[PDB]
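Pasting protein.txt here (compact mmCIF, C-alpha atoms and all ligand atoms):
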```txt
# COMPACT_ATOMS: atom_id res chain seq x y z
CA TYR A 1 0.00 0.00 0.00
CA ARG A 2 1.13 3.54 -0.88
CA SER A 3 -0.28 5.30 2.17
CA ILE A 4 -2.00 4.69 5.45
CA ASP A 5 -5.24 5.92 3.83
CA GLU A 6 -5.08 2.87 1.57
CA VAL A 7 -4.53 0.68 4.66
CA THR A 8 -7.61 2.22 6.32
CA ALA A 9 -9.67 1.40 3.25
CA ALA A 10 -8.26 -2.13 3.06
CA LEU A 11 -9.24 -2.77 6.69
CA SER A 12 -12.78 -1.62 5.97
CA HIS A 13 -12.88 -3.75 2.81
CA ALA A 14 -11.77 -6.72 4.96
CA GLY A 15 -14.74 -6.24 7.21
CA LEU A 16 -13.74 -3.93 10.02
CA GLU A 17 -16.68 -1.97 11.30
CA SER A 18 -17.21 0.17 14.41
CA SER A 19 -13.91 -0.10 16.30
CA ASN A 20 -12.54 1.65 19.38
CA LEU A 21 -8.97 2.38 20.38
CA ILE A 22 -7.19 2.38 23.76
CA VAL A 23 -3.55 3.52 23.99
CA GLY A 24 -1.08 2.28 26.61
CA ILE A 25 2.35 3.91 26.86
CA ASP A 26 5.42 2.37 28.51
CA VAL A 27 7.09 5.03 30.64
CA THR A 28 9.78 2.88 32.29
CA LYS A 29 13.37 3.99 32.77
CA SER A 30 14.95 2.00 29.95
CA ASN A 31 13.41 4.44 27.48
CA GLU A 32 16.32 6.72 28.39
CA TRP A 33 18.88 4.43 26.75
CA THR A 34 17.08 2.19 24.23
CA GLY A 35 17.30 4.91 21.57
CA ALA A 36 21.09 4.55 21.43
CA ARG A 37 21.02 3.03 17.97
CA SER A 38 17.47 3.71 16.76
CA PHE A 39 16.93 7.29 17.92
CA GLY A 40 20.27 9.09 17.88
CA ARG A 41 21.09 8.48 21.57
CA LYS A 42 18.01 10.44 22.63
CA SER A 43 15.46 9.20 25.15
CA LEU A 44 12.59 7.50 23.35
CA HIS A 45 10.35 9.92 25.26
CA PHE A 46 12.40 12.97 24.27
CA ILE A 47 10.16 15.88 23.29
CA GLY A 48 11.92 17.67 20.48
CA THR A 49 11.51 19.03 16.96
CA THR A 50 10.82 15.66 15.31
CA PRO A 51 8.42 13.02 16.62
CA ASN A 52 9.80 10.33 18.89
CA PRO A 53 8.81 6.69 18.26
CA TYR A 54 5.87 6.86 20.68
CA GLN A 55 4.49 9.97 18.98
CA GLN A 56 4.99 8.43 15.57
CA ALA A 57 3.32 5.12 16.42
CA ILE A 58 0.34 6.87 17.97
CA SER A 59 -0.04 9.20 15.01
CA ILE A 60 0.13 6.44 12.49
CA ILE A 61 -2.19 3.93 14.19
CA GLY A 62 -4.50 6.68 15.45
CA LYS A 63 -4.93 8.09 11.97
CA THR A 64 -5.36 4.66 10.38
CA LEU A 65 -8.15 3.64 12.77
CA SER A 66 -9.86 7.02 13.20
CA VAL A 67 -12.73 6.54 10.70
CA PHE A 68 -13.95 3.39 12.48
CA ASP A 69 -14.34 5.25 15.79
CA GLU A 70 -17.85 6.58 16.21
CA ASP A 71 -17.46 8.45 19.47
CA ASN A 72 -13.79 9.36 18.75
CA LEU A 73 -12.95 8.87 22.43
CA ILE A 74 -9.53 7.39 23.04
CA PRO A 75 -8.67 6.26 26.56
CA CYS A 76 -4.92 6.70 27.01
CA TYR A 77 -2.74 5.48 29.86
CA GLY A 78 0.83 5.28 31.01
CA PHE A 79 2.48 2.54 33.03
CA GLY A 80 5.89 2.10 34.64
CA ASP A 81 6.55 5.54 36.09
CA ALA A 82 7.12 6.18 39.79
CA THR A 83 3.39 6.46 40.51
CA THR A 84 2.42 3.14 38.92
CA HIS A 85 5.44 0.79 38.79
CA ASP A 86 4.09 -2.61 37.63
CA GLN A 87 0.90 -2.28 39.71
CA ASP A 88 -1.21 0.40 38.06
CA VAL A 89 -1.89 2.65 35.12
CA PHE A 90 -2.40 6.41 35.09
CA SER A 91 -4.55 8.40 32.68
CA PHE A 92 -2.79 10.85 30.38
CA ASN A 93 -5.86 13.07 30.38
CA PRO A 94 -5.60 15.62 33.21
CA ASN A 95 -9.33 16.43 33.22
CA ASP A 96 -10.79 13.07 34.32
CA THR A 97 -12.18 12.35 30.88
CA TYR A 98 -11.30 10.64 27.60
CA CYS A 99 -9.37 12.43 24.86
CA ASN A 100 -11.31 13.49 21.80
CA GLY A 101 -9.28 11.99 18.95
CA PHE A 102 -5.69 10.87 18.57
CA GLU A 103 -4.52 14.47 18.14
CA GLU A 104 -5.63 15.24 21.70
CA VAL A 105 -3.94 12.04 22.92
CA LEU A 106 -0.70 13.40 21.43
CA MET A 107 -1.25 16.76 23.16
CA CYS A 108 -1.73 15.09 26.54
CA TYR A 109 1.33 12.91 26.00
CA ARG A 110 3.50 15.93 25.17
CA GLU A 111 2.20 17.80 28.17
CA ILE A 112 2.67 15.11 30.78
CA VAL A 113 5.65 12.98 29.77
CA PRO A 114 8.40 15.52 30.70
CA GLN A 115 6.88 15.61 34.21
CA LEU A 116 7.19 11.82 34.75
CA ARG A 117 9.77 9.98 36.79
CA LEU A 118 10.47 6.93 34.69
CA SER A 119 10.62 3.75 36.75
CA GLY A 120 9.82 0.06 36.74
CA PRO A 121 9.40 -2.81 36.64
CA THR A 122 7.69 -3.51 33.32
CA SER A 123 4.39 -5.39 33.19
CA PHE A 124 1.51 -5.23 30.73
CA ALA A 125 -1.00 -6.78 33.15
CA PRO A 126 -2.33 -3.44 34.48
CA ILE A 127 -2.88 -1.90 31.03
CA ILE A 128 -4.54 -5.08 29.69
CA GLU A 129 -6.78 -5.20 32.79
CA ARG A 130 -7.77 -1.55 32.34
CA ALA A 131 -8.63 -2.35 28.70
CA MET A 132 -10.83 -5.27 29.82
CA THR A 133 -12.63 -2.97 32.24
CA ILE A 134 -13.21 -0.40 29.48
CA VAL A 135 -14.56 -3.07 27.12
CA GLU A 136 -16.93 -4.37 29.81
CA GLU A 137 -18.11 -0.81 30.63
CA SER A 138 -18.87 -0.28 26.94
CA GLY A 139 -21.16 -3.31 26.93
CA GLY A 140 -18.77 -5.40 24.87
CA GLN A 141 -18.01 -3.03 22.01
CA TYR A 142 -14.97 -4.04 19.99
CA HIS A 143 -11.70 -2.43 21.10
CA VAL A 144 -8.11 -2.42 19.93
CA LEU A 145 -5.56 -1.96 22.72
CA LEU A 146 -2.37 -0.43 21.37
CA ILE A 147 0.51 -1.01 23.78
CA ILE A 148 3.71 0.82 22.86
CA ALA A 149 6.81 -0.34 24.71
CA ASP A 150 10.62 -0.37 24.50
CA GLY A 151 11.23 -3.63 26.23
CA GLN A 152 9.70 -6.96 27.04
CA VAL A 153 8.17 -7.52 30.46
CA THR A 154 10.70 -7.64 33.35
CA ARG A 155 12.64 -10.90 33.64
CA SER A 156 13.84 -12.77 36.72
CA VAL A 157 17.32 -11.85 37.92
CA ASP A 158 17.93 -15.55 38.59
CA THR A 159 19.14 -16.21 35.06
CA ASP A 160 20.10 -19.83 35.85
CA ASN A 161 16.92 -21.26 37.61
CA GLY A 162 14.44 -18.39 37.96
CA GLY A 163 11.46 -19.24 35.77
CA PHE A 164 8.74 -16.73 34.91
CA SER A 165 8.95 -13.47 36.82
CA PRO A 166 5.79 -12.16 38.50
CA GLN A 167 5.59 -9.64 35.66
CA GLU A 168 5.80 -12.34 33.00
CA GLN A 169 3.25 -14.61 34.68
CA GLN A 170 0.80 -11.77 35.39
CA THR A 171 1.11 -10.45 31.85
CA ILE A 172 0.54 -13.89 30.30
CA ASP A 173 -2.45 -14.42 32.60
CA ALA A 174 -3.89 -11.06 31.58
CA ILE A 175 -3.58 -11.93 27.91
CA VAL A 176 -5.46 -15.15 28.50
CA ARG A 177 -8.18 -13.53 30.56
CA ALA A 178 -8.49 -10.74 28.00
CA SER A 179 -9.52 -13.31 25.40
CA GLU A 180 -12.96 -13.50 27.06
CA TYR A 181 -13.53 -9.93 25.77
CA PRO A 182 -14.03 -8.48 22.26
CA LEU A 183 -10.54 -7.02 22.45
CA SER A 184 -7.46 -7.15 20.23
CA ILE A 185 -4.10 -6.43 21.79
CA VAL A 186 -1.37 -4.96 19.62
CA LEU A 187 2.09 -4.66 21.13
CA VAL A 188 4.32 -2.19 19.30
CA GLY A 189 8.03 -2.52 19.96
CA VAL A 190 10.00 0.70 19.71
CA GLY A 191 13.70 1.40 20.36
CA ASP A 192 16.60 -1.01 20.10
CA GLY A 193 15.05 -3.88 21.97
CA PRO A 194 16.11 -6.53 21.99
CA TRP A 195 13.00 -7.93 20.31
CA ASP A 196 14.23 -11.34 19.26
CA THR A 197 12.56 -13.06 22.24
CA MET A 198 8.93 -12.25 21.29
CA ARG A 199 8.34 -15.34 19.40
CA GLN A 200 9.09 -17.20 22.50
CA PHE A 201 6.78 -15.14 24.71
CA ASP A 202 4.03 -16.01 22.25
CA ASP A 203 4.68 -19.72 22.66
CA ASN A 204 4.45 -19.28 26.44
CA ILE A 205 0.89 -18.00 26.22
CA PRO A 206 -1.69 -20.77 26.83
CA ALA A 207 -4.12 -21.61 24.03
CA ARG A 208 -7.04 -19.19 23.76
CA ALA A 209 -10.39 -19.18 21.95
CA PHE A 210 -8.94 -16.66 19.52
CA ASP A 211 -5.50 -15.25 18.87
CA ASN A 212 -6.04 -11.93 20.56
CA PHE A 213 -2.40 -10.85 20.63
CA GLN A 214 0.03 -9.55 18.03
CA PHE A 215 3.48 -7.99 18.08
CA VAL A 216 4.99 -5.59 15.56
CA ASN A 217 8.52 -4.21 15.54
CA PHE A 218 8.20 -0.51 14.70
CA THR A 219 11.96 0.09 14.64
CA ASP A 220 12.68 -2.58 12.02
CA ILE A 221 10.09 -1.20 9.60
CA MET A 222 10.69 2.52 10.15
CA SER A 223 14.45 2.24 9.64
CA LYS A 224 14.02 0.81 6.12
CA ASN A 225 15.36 2.64 3.08
CA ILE A 226 11.84 3.28 1.83
CA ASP A 227 9.59 6.24 0.93
CA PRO A 228 8.17 7.63 4.24
CA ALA A 229 4.48 7.35 3.28
CA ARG A 230 5.01 3.75 2.15
CA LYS A 231 6.98 2.98 5.29
CA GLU A 232 4.23 4.34 7.55
CA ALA A 233 1.75 2.28 5.62
CA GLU A 234 3.90 -0.82 6.07
CA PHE A 235 3.95 -0.24 9.81
CA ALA A 236 0.19 0.33 9.96
CA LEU A 237 -0.51 -2.81 7.96
CA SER A 238 1.93 -4.93 9.95
CA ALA A 239 0.37 -3.73 13.21
CA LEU A 240 -3.24 -4.17 12.11
CA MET A 241 -3.42 -6.88 9.48
CA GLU A 242 -4.94 -9.44 11.83
CA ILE A 243 -7.53 -7.09 13.26
CA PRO A 244 -10.31 -7.91 10.74
CA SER A 245 -9.91 -11.63 11.47
CA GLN A 246 -9.90 -11.07 15.20
CA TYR A 247 -12.98 -8.89 14.95
CA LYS A 248 -14.70 -11.73 13.09
CA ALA A 249 -13.74 -14.14 15.80
CA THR A 250 -15.49 -11.91 18.37
CA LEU A 251 -18.66 -12.50 16.35
CA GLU A 252 -18.16 -16.22 15.96
CA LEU A 253 -17.35 -16.64 19.65
CA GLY A 254 -20.30 -14.55 20.83
CA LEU A 255 -18.14 -11.87 22.49
CA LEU A 256 -19.22 -8.70 20.66
CA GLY A 257 -21.92 -6.84 22.55
CA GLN A 258 -21.74 -9.22 25.49
CA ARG A 259 -20.61 -8.69 29.09
CA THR A 260 -18.74 -11.28 31.17
CA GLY A 261 -19.98 -10.09 34.55
CA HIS A 262 -16.51 -10.52 36.05
CA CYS A 263 -14.12 -7.90 34.68
CA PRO A 264 -11.01 -6.64 36.56
CA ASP A 265 -12.73 -3.40 37.63
CA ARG A 266 -9.36 -1.71 37.34
CA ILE A 267 -9.37 2.05 37.91
CA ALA A 268 -6.65 4.35 36.53
CA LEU A 269 -4.75 6.84 38.68
CA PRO A 270 -4.75 10.52 37.69
CA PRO A 271 -1.68 11.76 35.87
CA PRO A 272 1.29 12.91 37.79
CL CL B 1 -13.12 7.83 33.76
CL CL B 2 -9.89 6.58 32.95
```
Before we go any further, please render this structure as structure tokens.
Amino acid sequence: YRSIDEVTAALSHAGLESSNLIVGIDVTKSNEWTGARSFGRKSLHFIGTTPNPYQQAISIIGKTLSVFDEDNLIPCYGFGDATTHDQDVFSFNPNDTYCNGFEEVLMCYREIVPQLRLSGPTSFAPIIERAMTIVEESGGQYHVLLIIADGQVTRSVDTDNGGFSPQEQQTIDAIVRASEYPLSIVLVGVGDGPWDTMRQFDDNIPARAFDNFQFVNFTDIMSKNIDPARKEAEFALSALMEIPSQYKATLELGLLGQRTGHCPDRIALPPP
């Protein structure tokens, strides 16, 4: 595809209908040094004259999915700063409401991220649980959760014997539980990684009723010697190509428009 507008149209042609977006942003400490190779030794959260990988990924996916979003409300959260660690998420909206469109998401991000104290450890369980709660509150409307992160979930420091860390186990569990909801999870890897362990994380996830999880390496696509519009389109397509199939599975499995009655009831903290 030549542009993300063509990708948008292709997703519609493949059967995507009303679709909602939730954004989760990794604000752990390693963002300060994982742009060594891929972002000119700047922090991946550096706010400067050109967009950082978080801003770019949000812009591209936000634009691609915008026409499917009826209410244009985009819940947006951070995780891994000093206020949340691996236990919570915080809202990027400072007015106790949801952002109106991806452009406002980007404004909130720019406003808040220089005020954060980047921390750890890294877990995706809180953001996935918040997404489940949002889906349940919506009465089972279809959602895409976009997680943007610069590292896999925190590993055990016992590199000889230590199996799954609490972060790994809780994140895997959340992915499994999430598959009871009409929810697609897209993990976008930014920065240097490494990202060559994702295929094994995928094997470590128990079988689910539908494949609700996908990973895309943003850095590997966006570094290519390719026309920028085409490159952005390649990223959008690589991130979202399974979404129409997953949406169909939520129909087949009787998830769309249905409530479980037992969601995490996870509440976000306000922004620092
Ligand atoms: Cl709220
Ligand atoms: Cl909220």
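Each of A:15, A:206, A:244, A:270 was checked against ligand CL 1 (chain B) using only C-alpha atoms and all ligand atoms; the smallest atom-to-atom distance is that of A:270.
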Practice task
Step by step, measure atom-to-atom distances between ligand CL 2 (chain B) and each residue using all atoms listed in the file, keep those at most 9 Å, then write them as JSON, numbers by chain.
Solution key: {"A": [75, 76, 77, 90, 91, 92, 93, 96, 97, 98, 130, 134, 267, 268, 269, 270]}
Handout entry: Long-range neighbours of segment 16-30 of chain A as a ChimeraX atom specification, 8 Å cut-off, all atoms listed in the file, 4 positions minimum in chain
Key = /A:11-12,34,45,54,58,62,65,68-70,72-81,116,118-122,127,131,141-151,243-244,247
Export, as a PDB file, in the coordinates of the input, the selected residues with C-alpha atoms.
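Output contents, as saved in result-v7.pdb:
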```pdb
ATOM      1  CA  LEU A  11      -9.240  -2.770   6.690  1.00  0.00           C
ATOM      2  CA  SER A  12     -12.780  -1.620   5.970  1.00  0.00           C
ATOM      3  CA  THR A  34      17.080   2.190  24.230  1.00  0.00           C
ATOM      4  CA  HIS A  45      10.350   9.920  25.260  1.00  0.00           C
ATOM      5  CA  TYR A  54       5.870   6.860  20.680  1.00  0.00           C
ATOM      6  CA  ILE A  58       0.340   6.870  17.970  1.00  0.00           C
ATOM      7  CA  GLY A  62      -4.500   6.680  15.450  1.00  0.00           C
ATOM      8  CA  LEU A  65      -8.150   3.640  12.770  1.00  0.00           C
ATOM      9  CA  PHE A  68     -13.950   3.390  12.480  1.00  0.00           C
ATOM     10  CA  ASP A  69     -14.340   5.250  15.790  1.00  0.00           C
ATOM     11  CA  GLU A  70     -17.850   6.580  16.210  1.00  0.00           C
ATOM     12  CA  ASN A  72     -13.790   9.360  18.750  1.00  0.00           C
ATOM     13  CA  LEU A  73     -12.950   8.870  22.430  1.00  0.00           C
ATOM     14  CA  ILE A  74      -9.530   7.390  23.040  1.00  0.00           C
ATOM     15  CA  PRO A  75      -8.670   6.260  26.560  1.00  0.00           C
ATOM     16  CA  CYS A  76      -4.920   6.700  27.010  1.00  0.00           C
ATOM     17  CA  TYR A  77      -2.740   5.480  29.860  1.00  0.00           C
ATOM     18  CA  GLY A  78       0.830   5.280  31.010  1.00  0.00           C
ATOM     19  CA  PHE A  79       2.480   2.540  33.030  1.00  0.00           C
ATOM     20  CA  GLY A  80       5.890   2.100  34.640  1.00  0.00           C
ATOM     21  CA  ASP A  81       6.550   5.540  36.090  1.00  0.00           C
ATOM     22  CA  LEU A 116       7.190  11.820  34.750  1.00  0.00           C
ATOM     23  CA  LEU A 118      10.470   6.930  34.690  1.00  0.00           C
ATOM     24  CA  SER A 119      10.620   3.750  36.750  1.00  0.00           C
ATOM     25  CA  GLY A 120       9.820   0.060  36.740  1.00  0.00           C
ATOM     26  CA  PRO A 121       9.400  -2.810  36.640  1.00  0.00           C
ATOM     27  CA  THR A 122       7.690  -3.510  33.320  1.00  0.00           C
ATOM     28  CA  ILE A 127      -2.880  -1.900  31.030  1.00  0.00           C
ATOM     29  CA  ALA A 131      -8.630  -2.350  28.700  1.00  0.00           C
ATOM     30  CA  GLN A 141     -18.010  -3.030  22.010  1.00  0.00           C
ATOM     31  CA  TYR A 142     -14.970  -4.040  19.990  1.00  0.00           C
ATOM     32  CA  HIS A 143     -11.700  -2.430  21.100  1.00  0.00           C
ATOM     33  CA  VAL A 144      -8.110  -2.420  19.930  1.00  0.00           C
ATOM     34  CA  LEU A 145      -5.560  -1.960  22.720  1.00  0.00           C
ATOM     35  CA  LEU A 146      -2.370  -0.430  21.370  1.00  0.00           C
ATOM     36  CA  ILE A 147       0.510  -1.010  23.780  1.00  0.00           C
ATOM     37  CA  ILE A 148       3.710   0.820  22.860  1.00  0.00           C
ATOM     38  CA  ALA A 149       6.810  -0.340  24.710  1.00  0.00           C
ATOM     39  CA  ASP A 150      10.620  -0.370  24.500  1.00  0.00           C
ATOM     40  CA  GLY A 151      11.230  -3.630  26.230  1.00  0.00           C
ATOM     41  CA  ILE A 243      -7.530  -7.090  13.260  1.00  0.00           C
ATOM     42  CA  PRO A 244     -10.310  -7.910  10.740  1.00  0.00           C
ATOM     43  CA  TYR A 247     -12.980  -8.890  14.950  1.00  0.00           C
TER      44      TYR A 247
END
```
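Checking A:48, A:162, A:35, A:264 one by one against residue 114 of chain A, counting all atoms listed in the file, you find the shortest gap at A:48.
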For residue 229 of chain A, work out the shell of residues within 8 Å, counting all atoms listed in the file and skipping chain neighbours fewer than 3 positions away, then give it as a PDB file with C-alpha atoms, keeping the file's coordinate frame.
```
ATOM      1  CA  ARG A   2       1.130   3.540  -0.880  1.00  0.00           C
ATOM      2  CA  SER A   3      -0.280   5.300   2.170  1.00  0.00           C
ATOM      3  CA  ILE A   4      -2.000   4.690   5.450  1.00  0.00           C
ATOM      4  CA  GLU A 232       4.230   4.340   7.550  1.00  0.00           C
ATOM      5  CA  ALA A 233       1.750   2.280   5.620  1.00  0.00           C
TER       6      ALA A 233
END
```
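Ranking A:95, A:184, A:56, A:223 by their shortest atom-to-atom distance to ligand CL 1 (chain B), with all atoms listed in the file included, puts A:95 first.
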Practice task
Could you tell me how far atom CA of residue 204 of chain A lies from atom CA of residue 133 of chain A, in Å and to one decimal?
Solution key: 24.3 Å
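Considering the residues A:170, A:83, A:138, A:156 and counting only C-alpha atoms, residue 125 of chain A has its shortest atom-to-atom contact with A:170.
The coordinates place atom CA of residue 186 of chain A at 13.6 Å from atom CA of residue 245 of chain A.
The gap separating atom CA of residue 33 of chain A from atom CA of residue 224 of chain A is 21.5 Å, in Å to one decimal.
When all atoms listed in the file are used to measure the gap to ligand CL 1 (chain B), the shortest distance among A:60, A:105, A:71, A:94 belongs to A:94.
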Axis-aligned box for segment 17-34 of chain A, 4 Å per side, centre and edges in Å as lines of an AutoDock Vina configuration file:
```
center_x = 0.8
center_y = 2.4
center_z = 22.0
size_x = 44.1
size_y = 16.7
size_z = 29.5
```
Problem - Residue contacts of residue 254 of chain A (10 Å, all atoms listed in the file) excluding same-chain residues fewer than 4 positions away, as a PyMOL selection string - result: chain A and resi 180-182+248-250+258
Problem - Residue with smallest distance to residue 111 of chain A - pool A:51, A:6, A:272, A:160, counting only C-alpha atoms - result: A:272
Handout entry: Non-local contacts of residue 174 of chain A (9 Å; all atoms listed in the file; under 2 positions in same chain excluded) as a ChimeraX atom specification
Key = /A:124-126,128-129,169-172,176-179
Since the input has fewer atoms than a full residue there, write segment 207-224 of chain A out with N, CA, C and O atoms, as a tab-separated table (two decimals), in the frame of the given file.
```
chain	number	residue	atom	x	y	z
A	207	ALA	N	-3.15	-21.68	25.12
A	207	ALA	CA	-4.12	-21.61	24.03
A	207	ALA	C	-5.36	-20.83	24.45
A	207	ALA	O	-5.82	-20.94	25.58
A	208	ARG	N	-5.87	-20.03	23.52
A	208	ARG	CA	-7.04	-19.19	23.76
A	208	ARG	C	-8.09	-19.48	22.70
A	208	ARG	O	-7.79	-20.12	21.69
A	209	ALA	N	-9.30	-18.97	22.91
A	209	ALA	CA	-10.39	-19.18	21.95
A	209	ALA	C	-10.11	-18.44	20.65
A	209	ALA	O	-10.50	-18.88	19.58
A	210	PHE	N	-9.44	-17.29	20.74
A	210	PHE	CA	-8.94	-16.66	19.52
A	210	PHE	C	-7.59	-16.03	19.79
A	210	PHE	O	-7.25	-15.73	20.94
A	211	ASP	N	-6.79	-15.89	18.74
A	211	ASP	CA	-5.50	-15.25	18.87
A	211	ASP	C	-5.76	-13.77	18.99
A	211	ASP	O	-6.02	-13.08	18.01
A	212	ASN	N	-5.71	-13.30	20.23
A	212	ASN	CA	-6.04	-11.93	20.56
A	212	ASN	C	-4.82	-11.03	20.69
A	212	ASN	O	-4.93	-9.89	21.12
A	213	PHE	N	-3.64	-11.56	20.36
A	213	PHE	CA	-2.40	-10.85	20.63
A	213	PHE	C	-1.49	-10.83	19.41
A	213	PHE	O	-1.31	-11.86	18.75
A	214	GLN	N	-0.90	-9.69	19.13
A	214	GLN	CA	0.03	-9.55	18.03
A	214	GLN	C	1.14	-8.60	18.40
A	214	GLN	O	0.92	-7.68	19.11
A	215	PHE	N	2.33	-8.85	17.89
A	215	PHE	CA	3.48	-7.99	18.08
A	215	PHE	C	3.96	-7.43	16.75
A	215	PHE	O	3.97	-8.15	15.73
A	216	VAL	N	4.37	-6.17	16.74
A	216	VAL	CA	4.99	-5.59	15.56
A	216	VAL	C	6.20	-4.78	15.99
A	216	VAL	O	6.14	-4.01	16.97
A	217	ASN	N	7.31	-4.99	15.29
A	217	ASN	CA	8.52	-4.21	15.54
A	217	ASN	C	8.51	-2.94	14.70
A	217	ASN	O	8.72	-2.98	13.47
A	218	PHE	N	8.26	-1.81	15.35
A	218	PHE	CA	8.20	-0.51	14.70
A	218	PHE	C	9.58	-0.12	14.17
A	218	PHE	O	9.70	0.35	13.04
A	219	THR	N	10.61	-0.34	14.98
A	219	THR	CA	11.96	0.09	14.64
A	219	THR	C	12.45	-0.54	13.34
A	219	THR	O	13.01	0.15	12.48
A	220	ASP	N	12.21	-1.84	13.19
A	220	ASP	CA	12.68	-2.58	12.02
A	220	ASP	C	12.04	-2.10	10.72
A	220	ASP	O	12.69	-2.05	9.68
A	221	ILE	N	10.77	-1.72	10.78
A	221	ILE	CA	10.09	-1.20	9.60
A	221	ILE	C	10.50	0.24	9.31
A	221	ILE	O	10.81	0.59	8.17
A	222	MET	N	10.54	1.08	10.34
A	222	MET	CA	10.69	2.52	10.15
A	222	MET	C	12.14	2.93	9.86
A	222	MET	O	12.41	4.09	9.52
A	223	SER	N	13.06	1.98	9.96
A	223	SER	CA	14.45	2.24	9.64
A	223	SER	C	14.76	1.89	8.19
A	223	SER	O	15.86	2.17	7.70
A	224	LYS	N	13.80	1.27	7.50
A	224	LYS	CA	14.02	0.81	6.12
A	224	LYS	C	14.25	1.96	5.15
A	224	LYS	O	13.68	3.04	5.29
```
